[PDB]
Amino acid sequence: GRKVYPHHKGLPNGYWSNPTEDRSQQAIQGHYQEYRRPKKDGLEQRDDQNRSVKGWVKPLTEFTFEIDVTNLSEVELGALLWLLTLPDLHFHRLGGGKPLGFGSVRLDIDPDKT
RNA sequence: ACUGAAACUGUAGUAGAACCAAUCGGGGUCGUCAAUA
């Protein structure tokens, strides 16, 4: 079917904090810092198998955008608004590094602007 | 068995009307590899 990257539920507090620290060789609440390359012999494994990011967009930062739609049926609109009004703790998966846990996002309609 | 003369092919008329250079596409992501003895 369609490949999807399920939301990384239950990541511990501080899992994403201070990411330049190699914590991957140590359990914290049972998680192992999957998003970071491990050290090898104490030096960073920057090679052609992975990439580096100079930064990322922090958790809890907010974006607004608009969707303009034309001639949607109620079924087509219902599917869209269903995706835009999912129950709590349902998250979309956006951008790169999704299998590392990056890019889980909360989408909800702003009704006053709709 | 005495050359006619003299007379601007000019005058008026917009190569133009209409037509979206555009449609679709997350800068993304995980299992080996190799063939003999």
Side-chain angles (χ1 to χ4, degrees):
Chain A
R2 304 175 182 93
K3 153 113 50 136
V4 294
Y5 301 87
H7 164 71
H8 292 218
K9 185 173 184 172
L11 295 175
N13 299 304
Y15 176 82
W16 303 110
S17 77
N18 192 41
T20 53
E21 183 190 10
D22 55 298
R23 299 187 295 278
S24 62
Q25 305 308 290
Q26 171 60 52
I28 183 59
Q29 317 302 335
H31 293 76
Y32 293 90
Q33 201 194 28
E34 304 295 343
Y35 63 87
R36 200 200 190 279
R37 199 82 143 104
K39 290 287 210 291
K40 188 69 175 175
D41 307 340
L43 64 140
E44 303 298 352
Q45 298 254 67
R46 292 189 184 105
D47 67 358
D48 67 359
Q49 301 180 86
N50 70 329
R51 72 174 65 196
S52 279
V53 297
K54 303 203 188 182
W56 57 44
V57 178
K58 291 168 181 172
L60 311 177
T61 54
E62 181 184 315
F63 296 74
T64 310
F65 68 95
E66 282 139 34
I67 310 181
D68 167 44
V69 306
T70 297
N71 298 333
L72 304 193
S73 60
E74 299 199 347
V75 171
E76 285 159 330
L77 177 62
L80 177 62
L81 296 178
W82 187 71
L83 292 175
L84 304 176
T85 64
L86 293 167
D88 290 343
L89 310 181
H90 292 58
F91 304 108
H92 289 268
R93 309 298 324 276
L94 180 65
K98 295 182 294 304
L100 306 183
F102 294 109
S104 193
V105 307
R106 162 45 58 166
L107 304 186
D108 40 67
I109 301 174
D110 188 354
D112 301 339
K113 295 199 79 191
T114 297

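Reckoned from all heavy atoms, side chains included, excluding hydrogens, waters and symmetry mates. Naming convention: chains lettered A, B, ... in sequence-line order (proteins, then strands); numbering from 1 in each chain.
Of the residues listed (A:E44, A:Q45, A:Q25), the one engaging A:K39 in a side-chain hydrogen bond (donor to acceptor under 3.5 Å, both in side chains) is A:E44, and it is the only one.
Below the 3.5 angstrom threshold, one finds a donor paired with an acceptor across the side chain of A:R51 and the base of B:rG28.
Residue A:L83 contributes atom CG, which lies 15 Å from atom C1' of B:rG26 at whole-angstrom precision. Atoms CG (A:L100) and P (B:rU29) sit 7 Å apart, rounded to a whole Å. We find that CZ of A:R37 is positioned 12 Å from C1' of B:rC30, with the value rounded to whole Å. Look at CZ on A:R93: it is 16 Å from P on B:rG26, rounded to the nearest Å. Taking atom CG of residue A:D48 and atom P of nucleotide B:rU29, one finds them 18 Å apart after rounding to whole Å. In this structure, A:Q49 places its CD atom 15 Å from P of B:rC33, rounding to the nearest Å.
If you check every strand for non-hydrogen atoms under 4.0 Å, A:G103 touches nothing. Using a 4.0 Å heavy-atom cutoff across all strands shown, A:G96 reaches sugar-phosphate atoms only and no base atom.
Clustering ILVMFWY residues whenever any of their side-chain heavy atoms sit less than 4.5 angstrom apart, transitively, puts A:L83 in a cluster other than the one holding A:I67. A:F63 and A:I109 fall into different hydrophobic clusters, defined by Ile, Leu, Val, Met, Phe, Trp and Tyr side-chain heavy atoms under 4.5 Å apart, directly or through other members. Under a hydrophobic-cluster definition in which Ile, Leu, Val, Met, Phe, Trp and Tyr are linked whenever side-chain heavy atoms come within less than 4.5 Å, directly or via other members, A:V105 and A:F102 are assigned to different clusters.
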